**Student:** 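Quick one: this structure, given as structure tokens, is what I'll be asking you about.
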Protein chains: 4
Amino acid sequence: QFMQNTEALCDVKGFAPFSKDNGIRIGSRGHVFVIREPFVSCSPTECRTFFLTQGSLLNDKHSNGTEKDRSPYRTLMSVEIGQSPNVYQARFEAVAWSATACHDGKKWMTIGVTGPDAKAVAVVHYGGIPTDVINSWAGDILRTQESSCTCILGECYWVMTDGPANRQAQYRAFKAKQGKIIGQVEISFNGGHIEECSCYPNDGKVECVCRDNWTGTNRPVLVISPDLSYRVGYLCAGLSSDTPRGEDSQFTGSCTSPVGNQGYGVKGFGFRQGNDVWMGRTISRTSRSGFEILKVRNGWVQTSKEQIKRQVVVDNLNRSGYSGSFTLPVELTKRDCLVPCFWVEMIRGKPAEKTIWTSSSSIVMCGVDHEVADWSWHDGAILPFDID
Amino acid sequence: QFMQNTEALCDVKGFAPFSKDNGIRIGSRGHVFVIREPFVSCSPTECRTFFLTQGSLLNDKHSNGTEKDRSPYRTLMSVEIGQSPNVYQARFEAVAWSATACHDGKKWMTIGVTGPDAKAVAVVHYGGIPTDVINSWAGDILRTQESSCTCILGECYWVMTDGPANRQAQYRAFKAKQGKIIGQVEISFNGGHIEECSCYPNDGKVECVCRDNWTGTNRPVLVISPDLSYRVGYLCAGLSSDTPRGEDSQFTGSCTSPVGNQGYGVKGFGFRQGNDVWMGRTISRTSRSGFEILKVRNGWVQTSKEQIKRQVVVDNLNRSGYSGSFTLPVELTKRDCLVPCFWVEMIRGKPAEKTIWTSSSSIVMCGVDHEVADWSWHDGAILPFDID
Amino acid sequence: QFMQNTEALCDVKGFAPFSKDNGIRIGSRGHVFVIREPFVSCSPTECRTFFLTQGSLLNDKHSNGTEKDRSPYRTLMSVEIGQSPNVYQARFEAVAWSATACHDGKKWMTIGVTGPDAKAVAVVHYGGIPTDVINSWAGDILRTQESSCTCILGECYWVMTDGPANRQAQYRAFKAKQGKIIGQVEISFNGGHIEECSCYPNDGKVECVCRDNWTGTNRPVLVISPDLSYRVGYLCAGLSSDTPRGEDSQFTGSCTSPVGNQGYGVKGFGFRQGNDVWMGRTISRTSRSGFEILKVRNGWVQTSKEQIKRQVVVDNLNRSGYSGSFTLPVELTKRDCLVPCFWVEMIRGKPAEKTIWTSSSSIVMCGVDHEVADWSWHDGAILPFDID
Amino acid sequence: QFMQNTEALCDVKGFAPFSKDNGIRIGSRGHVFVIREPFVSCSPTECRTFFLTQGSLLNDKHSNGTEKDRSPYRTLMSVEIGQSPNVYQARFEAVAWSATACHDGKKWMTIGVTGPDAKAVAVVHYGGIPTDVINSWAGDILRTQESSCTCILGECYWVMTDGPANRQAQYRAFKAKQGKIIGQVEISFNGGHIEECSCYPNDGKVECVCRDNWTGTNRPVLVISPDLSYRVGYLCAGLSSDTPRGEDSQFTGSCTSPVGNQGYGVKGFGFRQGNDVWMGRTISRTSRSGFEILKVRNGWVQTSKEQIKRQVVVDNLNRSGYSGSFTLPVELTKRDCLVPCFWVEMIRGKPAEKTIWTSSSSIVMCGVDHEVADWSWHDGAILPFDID
Ligand SMILES: *[C@@H]1O[C@H](CO[C@@H]2O[C@@H](C)[C@@H](O)[C@@H](O)[C@@H]2O)[C@@H](O)[C@H](O)[C@H]1NC(C)=O
Ligand SMILES: *[C@@H]1O[C@H](CO[C@@H]2O[C@@H](C)[C@@H](O)[C@@H](O)[C@@H]2O)[C@@H](O)[C@H](O)[C@H]1NC(C)=O
Ligand SMILES: *[C@@H]1O[C@H](CO[C@@H]2O[C@@H](C)[C@@H](O)[C@@H](O)[C@@H]2O)[C@@H](O)[C@H](O)[C@H]1NC(C)=O
Ligand SMILES: *[C@@H]1O[C@H](CO[C@@H]2O[C@@H](C)[C@@H](O)[C@@H](O)[C@@H]2O)[C@@H](O)[C@H](O)[C@H]1NC(C)=O
Ligand SMILES: CC(=O)N[C@H]1[C@H]([C@H](O)[C@H](O)CO)OC(C(=O)O)=C[C@@H]1NC(=N)N
Ligand SMILES: CC(=O)N[C@H]1[C@H]([C@H](O)[C@H](O)CO)OC(C(=O)O)=C[C@@H]1NC(=N)N
Ligand SMILES: CC(=O)N[C@H]1[C@H]([C@H](O)[C@H](O)CO)OC(C(=O)O)=C[C@@H]1NC(=N)N
Ligand SMILES: CC(=O)N[C@H]1[C@H]([C@H](O)[C@H](O)CO)OC(C(=O)O)=C[C@@H]1NC(=N)N
Ligand SMILES: [Ca+2]
Ligand SMILES: [Ca+2]
Ligand SMILES: [Ca+2]
Ligand SMILES: [Ca+2]
């Protein structure tokens, strides 16, 4: 039986710690993969942590980062949520330097994108084998979520980008059923930029909160229906959630336009909560450091700056990275609704830190019906390592 | 089908060795987690060893114990009983520096407590995901068993503490059904102190034998019914079972009062045997060393000092630690009754020993119908290690 | 239920990357077996990577290659496709310095050949145990595919050789049902030489494209029917696919005769595509380096040199090795046809490279309905290693 | 459903190599347990290799053999046949310095014996938990097979010894059903000595071929019926199969008496083959080196020295050790009969070799319907190791 995921997303008051894998700590001595872009996604039986290795291990000569962010050795693998991304526990998924995965109730789907910059190949797997391919249509680093995709009535949905890092690119959503792409849509968004979407199911549609890497310190929101009609705009809330971003007191929300006058960004998430929203961001507006989650009243519908909750997960003295959304299935929680959860990546090493390598660890939070007190579940690795 | 666990506890004449994981020995070269508080608990299919890592490994720089007894890196994981708590065999359970786990016949429940001292969060998991949360209610190191909890008719029971280490604190029991707390009770015990309970099912109720960390060299007994009425007092037997404790010939039992004029303690267990009892304690009254089990006649009901059996499991030249209770399910043993078993932790390293780290190994004994001869299944690691 | 595999092979326009295990890279620090001859084969549930260890690990003193290409320590093991051939993930199959494996829909069959050169023993396993034996019939290095065998209606088929490396030998096919050899045929091929066949099912027969190690720069084709009648000849296409081979513009195809005036070779594959063919070969005509796949029009039936597609998988600056064929089952793909896939081995170390050891890694491609752009998924290990 | 194992043992013409785990080779760099006494036994699904660790690893300081042959750290564990006895693949069975295991069709039974020399405890496990205990009855190193026990109609049978190494001891057989000892028999054998039996099912009875450690260079045979009546005597064949033993031309068989004038021995096996026998022995009469198997005509019933087959498995330049018997179940082979198989242990290290440690590897042979050529599948580890 295929997962419905047509339930409303639960309205959540705080987030409880789910897991912490301590990858880098363990990887000081154990045999753990160098990774980046480690997202969480769930089947009806288990939550798995997916990650992109660089085909090398921590504390090995091959972790040296003379290589490309995309390389031939990179692969998408997985472990049960909470395990480190270690060699001996790892499930191979796809060849990939960008990916998305998600379970339809019967099987894992997975899409790893690899090949050259000018002509990337994304390969859909299903049941553990290649079932379909989507080639670069715009010739410039075909790419996708680096977080969970989203399946609704046994059909699966994901967002990809192809084009410039730093100016107008091109954006499609895809629709798959059992590893066969049965539909796509070209997403009109001129002046806006979309990458790395964080998507989750809500009341029968896919909702995404993505990264604008061109002009905007606010994140695009893309809401896609089963049949592929969509709405695109920006996160309405009167707070900024990208980094780098400006001050809060320097910032006016927009439902329709990137605001703030900066490039770059980072991947992140957020959850529609009726008309409200929970929105993650780094505590530093200049760096990938600290992580907070902010609940804003009416922030999904209006340029509100009514904050009603804030909850810190990583302190501003400690590294963070990417963050992304996912939901717990009803077959696991037995609820009326879909439980929202996020992961945070905690990037360690060069250039920030004086090592030859760069990796990432993670912690996973989930929505609960009781507020939850601040703390920091940071990465905690003592750098530099022996190989350095 | 949910486990009944309404059977009487079997009356046992001695204990047979079940397992020995040799964690520290193996961890001299293999990749094994630094741990403490490793308890045993069983499902209808298997017995698992749960433990709290410190997010580091043996013989790695991160085992250095500049960290807190509670830290952000600590997690609850598990392995099949008898496996070392090694990276590659480990099942992630919860983020935790204190925990309890137990199986209801369908799934594992688990509760890991983490967060700051002033405002801890305990998160109930069920089927491998967060299902509920109980925040610190008294603001001072929310905490629980570090041994198996107890499920009876698909409902699960555990004891937590919140408050001072060394004076009056506050004590609640909780009742869960499929990871949802459906009931709690505030345990009146003025002048007495309760932590780290060792609990097991017996004739339809939970029985616990706990740690008093304030005034008492005798252990509290808490017996809790399905509907959460309870009895609380002290282990009646005319022997002391905490450490530090006084002499035996200096000691008068009490059913109602801590006796002996000392603080601190250690976690331990014991089994009601009709009106008799089996009671573990360290052989040293001053240190966490050696381990014995003593059967006392009428010791559960009267301040008896009629010892009828004694069985040594670790010699007084060798380190011990915590001990705790659990039962074998009827689906595994095919008996009329619930088989009592205990584990013992064998704590190695600083401050006792000259190393940077501190860990724990374990051995597991179970009740059998034949007396069993003394011996020592001590930890056996040659210290100090290379990292030292 | 036994697999049919009576479907036609799908007509494929390009090949998508399936996996990359990065064995040697990972094996720089992780505990990975030294191997050679790593082929892929699939069951109705999963694709597995099989390989022949040399009973030693990477970066260990025992990888020193004073040993024989065939030795007593060599064994056939397996891992899920994409895992490195690491100790802790490895499934033991057979004792072997040559092997073939394949799934009949119920169980894995496997045949490992071991023993002395003059009197080898090949042992058929089935369900994970020895079920039958075929001894050397010609006294000179009994041997077989080093790739997947082929089961059709619950019956399994494989090709072996016994005789000289470099002159006329002797060639049998075998037919097994549930690990019991129920039929064999002596393959008349005077002047031709056959080793290491790459075989796959197509329209109810086994098709193979093999290695001639005596006179021929073209590969033999052997097509075997259920009842063991066969056709044998050479790959008709007007391109050469062995190495070492001559120039393309120096080369005339033959359906019936080895052409090109050289010894040695390498194992490789190819796919009948109606009357066309896909044919792998190394890009270097002198060395085991680079890997391409070429589609030739009418190349299965005529000495065509009409190339219609070419796709590079490993660049001519990088090592390759063996290649072999396999198909995805219908129980996995849900197609009308059998999906063709190949693996490539990427041999590293001595004598080519200045190390004491020699190993192999792999990448796996599969047939898809969209052309696919060139790139190189080479092995990427920085040599020499520490043990060197 | 419980296994019958009431079929006659198959009449076998040679033995084919089944597995080779290369434990010591792999253990030079990988994390593998120091072990001794590694036997094979099978369930309806799989063959497992059981072994007794010394709670330490290869190439670790703890492999130093200042310890006892029996120690507190020793444990019985298992791996799938062919895997090395490595930490990360190992299944914990029992605490043990002597053991026996065997599957009844539903579950594994296992008996590990531990505790002091003067008062050993043997603990029966079943389904992965302690179910029963047999204490030392004669006060002198209670002990058992170190090979597979034997279950017939869901009932299980094993032989133990208690008493002197080197003079008259005492010998019982036990009968278990689902981990509960339901019967035992005291085995009258005055002047004879019995240890370490190698037992297998045949035509509804247990047959064993054991070790006499007192006076006899011939092995005792014990045949035990379901209801525990038994026959005991010696291997009739006119060849000797213990080591140390005398010359063959110096030796007269006996059905009833130890012959040859020596102490010590080694564990080994043999198979009734109608009236004939296959009998293993070391090739050296003075040392644990080389291994052969000999088929003797009428050798089970008469003091025959008609040898009809011989097959070498390990050469006389290479170390051997213990050997033992087991059968493949009908649920795996689909035969009319029970397939005989043996394992051989290949003991490496001190005192023989200049190291601090001592371990064992293994190879497994099985009976097949075709003669099989000589060779040597010896252990192949280059000694001494780094820790030495
Ligand atoms: C890390 O790698 C550094 C740069 O290496 C050089 O450039 C790369 C692209 C390769 O071509 C490499 O083979 C070249 O040597 C080295 O300078 C440095 O030694 C490395 N450090 C360590 C610790 O391995
Ligand atoms: C163990 O750690 C000792 C104390 O470290 C110092 O204090 C802690 C809290 C950290 O701030 C650490 O970074 C500081 O240096 C060290 O003195 C000692 O070097 C360590 N020993 C080993 C073997 O790693
Ligand atoms: C690799 O092995 C080389 C050759 O070893 C010699 O010949 C082989 C067949 C054995 O008999 C071996 O024991 C002999 O010493 C050695 O010369 C060399 O030391 C080895 N290198 C390493 C790094 O182990
Ligand atoms: C191996 O062990 C040798 C003997 O050790 C001594 O006696 C044993 C029973 C223990 O008491 C031990 O602690 C004593 O030192 C040592 O002489 C030797 O150093 C050891 N060798 C290695 C390589 O560890
Ligand atoms: C395909 C690709 O390389 N994606 C990048 C991503 C990218 O640079 C920007 O979004 C520009 O398009 O940035 C980052 C990043 O840390 O910012 C990591 C991702 N790395 C990987 N997914 N491997
Ligand atoms: C929550 C907490 O830190 N619990 C402690 C416990 C505690 O110090 C006393 O019981 C005072 O309340 O003591 C000990 C101890 O060894 O005595 C270990 C436990 N460590 C862990 N559970 N991590
Ligand atoms: C049985 C055997 O040793 N087969 C060889 C094979 C062989 O040398 C030629 O085909 C001549 O018959 O060559 C090669 C090779 O790389 O060319 C590897 C194979 N190695 C292994 N299969 N182990
Ligand atoms: C219980 C015990 O220690 N059994 C011994 C066994 C024993 O010395 C003789 O049979 C005398 O009774 O000998 C040997 C041996 O190699 O000869 C190994 C066994 N070691 C272990 N099973 N651990
Ligand atoms: Ca931006
Ligand atoms: Ca106390
Ligand atoms: Ca050739
Ligand atoms: Ca003898």
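Here is the naming used below: chain letters follow the sequence lines, and residue numbers restart at 1 for every chain.
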**Student:** Does a sphere of radius 6.0 Å around CD in D/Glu46 hold more than 12 heavy atoms from other residues, nucleotides or ligands, not counting ones at 6.0 Å or beyond?
**Tutor:** yes
**Student:** Measuring from atom OG1 of D/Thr49 to atom CZ of C/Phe92, what distance do you get when rounded to the nearest 0.5 angstrom?
**Tutor:** 9.5 Å
**Student:** To the closest 0.5 Å, what do you measure between CD1 (D/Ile363) and OG1 (C/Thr75)?
**Tutor:** 12.5 Å
**Student:** Please list all pairs meeting side-chain hydrogen bond (donor to acceptor under 3.5 Å, both in side chains) that have one or both residues in residues 326-338 of chain D, counting only residues at least two apart or in different chains.
**Tutor:** none
**Student:** Once salt bridge (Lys or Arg N to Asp or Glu O under 4.0 Å) is applied, do any residues pair with C/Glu195, and if so which ones, sequence neighbours excluded?
**Tutor:** C/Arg143, C/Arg211
**Student:** Between C/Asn64 and chain D, which part of the residue has a heavy atom less than 4.5 Å away: side chain, backbone, both or neither?
**Tutor:** neither
**Student:** Can you tell me which portion of C/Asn135 sits under 4.5 Å from chain D's heavy atoms? Options are side chain, backbone, both or neither.
**Tutor:** side chain
**Student:** What part of C/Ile134 gets closer than 4.5 Å to chain D, counting heavy atoms only: side chain, backbone, both or neither?
**Tutor:** neither
**Student:** Taking D/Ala381's backbone N and O only, do any of them form a donor-acceptor pair with C/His62's side chain (distance below 3.5 Å, no angle check)?
**Tutor:** no
**Student:** Tell me whether the count of non-hydrogen atoms from other residues, nucleotides or ligands lying under 6.0 Å of CD in C/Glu186 goes above 12.
**Tutor:** yes
**Student:** Give a yes or no answer on whether the side chain of C/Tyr88 reaches the backbone of D/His31 with a donor-acceptor pair at less than 3.5 Å.
**Tutor:** yes
**Student:** Looking at C/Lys350, I want to see if its NZ is surrounded by more than 12 non-hydrogen atoms of other residues, nucleotides or ligands under 6.0 Å.
**Tutor:** no
**Student:** Keeping the roles fixed (side chain from D/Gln83, backbone from C/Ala90), state whether a donor-acceptor pair exists under 3.5 Å.
**Tutor:** yes
**Student:** For D/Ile26, is it the side chain, the backbone, both, or neither that has a heavy atom closer than 4.5 Å to a heavy atom of chain C?
**Tutor:** both
**Student:** Does the pair D/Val368 and C/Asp132 meet the rule for a side chain to side chain contact (heavy atoms under 4.5 Å, CB included), with working shown?
**Tutor:** CA-CA 7 Å; D/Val368 292; C/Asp132 211 8; over 6 Å; no
**Student:** Mark yes or no for whether D/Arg29, through its side chain, and C/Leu57, through its backbone, hold a donor-acceptor pair below 3.5 Å.
**Tutor:** no
**Student:** Can you tell me which of C/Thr53, C/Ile129, C/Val121 forms the most heavy-atom pairs within a distance under 4.5 Å of chain D?
**Tutor:** C/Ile129
**Student:** About how many Å separate OG1 of C/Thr66 and CD1 of D/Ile382, when rounded to the nearest 0.5 Å?
**Tutor:** 6.5 Å
**Student:** Provide the closest heavy-atom pair for C/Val123 versus D/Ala16 in the form atom of the first, atom of the second, distance.
**Tutor:** CG2-CB, 4.0 Å
**Student:** Could you measure the distance from the NE2 atom of D/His370 to the CD1 atom of C/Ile181? Nearest 0.5 Å is fine.
**Tutor:** 7.0 Å
**Student:** Measure the CZ-CD distance between C/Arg91 and D/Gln89 for me, rounded to the nearest 0.5 Å.
**Tutor:** 10.5 Å
**Student:** Can you tell me if D/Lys107 has over 12 outside heavy atoms packed within less than 6.0 Å of its NZ?
**Tutor:** yes
**Student:** Side chain, backbone, both or neither: which part of D/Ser376 has an atom under 4.5 Å from a heavy atom of chain C?
**Tutor:** backbone
**Student:** Side-chain donor-acceptor pair under 3.5 Å between C/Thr114 and D/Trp377, yes or no?
**Tutor:** yes
**Student:** Under 4.5 Å, counting heavy-atom pairs only, tell me which of D/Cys366, D/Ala373, D/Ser28 racks up the most with chain C.
**Tutor:** D/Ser28
**Student:** Is it the case that over 12 heavy atoms from other parts of the model lie below 6.0 angstrom from the NZ atom of C/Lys177?
**Tutor:** yes
**Student:** Tell me, side chain or backbone of D/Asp374 under 4.5 Å from chain C's heavy atoms, or both, or neither?
**Tutor:** backbone
